[PDB]
Amino acid sequence: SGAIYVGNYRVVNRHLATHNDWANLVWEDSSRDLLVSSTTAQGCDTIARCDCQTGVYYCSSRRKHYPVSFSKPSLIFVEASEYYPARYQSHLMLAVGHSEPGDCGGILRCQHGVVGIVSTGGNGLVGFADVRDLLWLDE
Ligand SMILES: Cn1ncc2c(NC(=O)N3CCC[C@H](C(N)=O)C3)cccc21
Ligand SMILES: [Zn+2]
């Protein structure tokens with residue numbers, strides 16, 4: 001679990017969005033596993049606007065932060081789960097690191113701010129949904 005709180009927006013994994021997120025929907029994209037909802041309170045986070053390929057993410061299944069090198073946002077095949085059919089997930093960045101399904105929502109940050117959230121993982125892999133291209137989150 002986890003979310004990004006920026007301005008009057010809450011960014012979460014689309015597959016983990018609540019009834020309240022859907023009732024206050026701003027934007028969602030199944031191909032990216034992202035959903036953004038509106039909030040009444042001002043958010044605590046800053047979004048990175050950069051091309052960093054290293055950073056640190058929070059891994060809830062270890063209660064620890066890990067440094068990672070990750071690939072640029074791209075279209076990557078993701079196997080079928082309970083939440084989605086087998087498909088290509090866009091704007092996804094992969095890195096070698098520990099992840100379990102419940103780690104989704106953990107933030108990946110670089111020196112400039114929030115880069116994205118955990119969305120996929122495998123045998124020693126962790127995948128992050130990028131948010132750096134969503135310029136409207138800052139206005
Ligand atoms: C080891 N392992 N295995 C699945 C998984 C995971 N993702 C999942 O459980 N997924 C289910 C929810 C939708 C996700 C998607 N973006 O399509 C995939 C996150 C982190 C480590 C993971
Ligand atoms: Zn950066």
Side-chain angles (χ1 to χ4, degrees):
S1 69
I4 305 165
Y5 293 94
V6 51
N8 290 291
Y9 295 129
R10 163 173 143 107
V11 188
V12 294
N13 293 90
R14 190 188 184 272
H15 73 274
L16 300 179
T18 69
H19 298 302
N20 278 143
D21 283 324
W22 278 106
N24 293 281
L25 179 65
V26 172
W27 169 83
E28 54 77 31
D29 185 330
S30 309
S31 74
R32 294 180 64 155
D33 185 41
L34 287 182
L35 181 148
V36 177
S37 61
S38 59
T39 68
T40 56
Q42 179 83 3
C44 67
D45 294 306
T46 285
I47 308 301
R49 301 295 181 197
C50 69
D51 63 349
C52 287
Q53 281 184 251
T54 67
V56 174
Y57 76 106
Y58 180 68
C59 174
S60 63
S61 65
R62 294 286 181 269
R63 249 182 233 124
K64 274 189 167 80
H65 296 261
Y66 291 109
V68 279
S69 290
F70 47 92
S71 62
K72 288 183 164 160
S74 73
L75 195 68
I76 292 167
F77 178 80
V78 176
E79 180 69 272
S81 67
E82 297 209 282
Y83 308 91
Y84 298 109
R87 77 210 211 284
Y88 287 88
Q89 174 161 325
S90 64
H91 297 268
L92 187 61
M93 300 173 295
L94 298 184
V96 175
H98 182 70
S99 68
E100 297 177 37
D103 286 325
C104 285
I107 285 176
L108 170 63
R109 280 180 166 264
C110 65
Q111 71 193 96
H112 307 108
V114 173
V115 174
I117 50 171
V118 175
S119 177
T120 74
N123 311 270
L125 291 165
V126 54
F128 307 92
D130 184 55
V131 301
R132 297 176 289 185
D133 63 314
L134 303 175
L135 311 185
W136 54 268
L137 286 175
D138 293 334
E139 64 206 41

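Both ligands and their constituent atoms are indexed starting at 1 by order of listing. Heavy-atom basis, side chains included; hydrogens, waters and symmetry copies ignored. Note that the numbering runs from 1 along the sequence shown for the chain.
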Which of the atoms of ligand 1 are close to [X], meaning less than 4.0 Å from one of its heavy atoms?
{"X": "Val78", "result": "17 (O)"}
{"X": "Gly121", "result": "1 (C), 2 (N), 3 (N), 4 (C), 5 (C), 6 (C), 19 (C), 20 (C), 21 (C), 22 (C)"}
{"X": "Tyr83", "result": "11 (C), 12 (C)"}
{"X": "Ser99", "result": "1 (C), 20 (C), 21 (C)"}
{"X": "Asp33", "result": "16 (N)"}

Strictly distance-based, threshold 3.5 Å: is any side-chain N or O of [X] a donor or acceptor partner for the main-chain N or O of [Y]?
{"X": "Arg10", "Y": "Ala3", "value": "no"}
{"X": "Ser71", "Y": "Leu94", "value": "yes"}
{"X": "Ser74", "Y": "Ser90", "value": "no"}
{"X": "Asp45", "Y": "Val114", "value": "no"}
{"X": "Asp103", "Y": "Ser61", "value": "yes"}
{"X": "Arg132", "Y": "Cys52", "value": "yes"}

Proximity flag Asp103 to ligand 1, non-hydrogen atoms under 4.0 Å: no
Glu82 to ligand 1, any heavy atom closer than 4.0 Å: no
Carboxylate-amine/guanidinium proximity below 4.0 Å for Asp138 and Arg49: yes
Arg14 and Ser30: CA distance, side-chain angles, deciding distance, side-chain hydrogen bond (donor to acceptor under 3.5 Å, both in side chains) verdict: CA-CA 7 Å; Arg14 190 188 184 272; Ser30 309; 3.1 Å; yes
Can you pull out the closest protein heavy atom to [atom]? Residue, atom name and distance to 0.1 Å, please.
{"atom": "atom 20 (C) of ligand 1", "answer": "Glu100 O, 3.1 Å"}
{"atom": "atom 9 (O) of ligand 1", "answer": "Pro101 CB, 3.3 Å"}
{"atom": "atom 19 (C) of ligand 1", "answer": "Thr120 C, 3.4 Å"}

Polar atom proximity, [X] to ligand 1 (N or O, under 3.5 Å):
{"X": "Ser81", "value": "no"}
{"X": "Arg87", "value": "yes"}
{"X": "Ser119", "value": "yes"}

Nearest to the Zn ion (ligand 2) - the N/O/S atom of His112, by atom name: ND1
Passing candidate, side-chain contact (heavy atoms from CB on, under 4.5 Å) with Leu34, options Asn13, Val12, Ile117, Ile4: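 Single pass found, and it is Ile117.
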Part of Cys104 within contact of ligand 1 (heavy atoms, under 4.0 Å): side chain
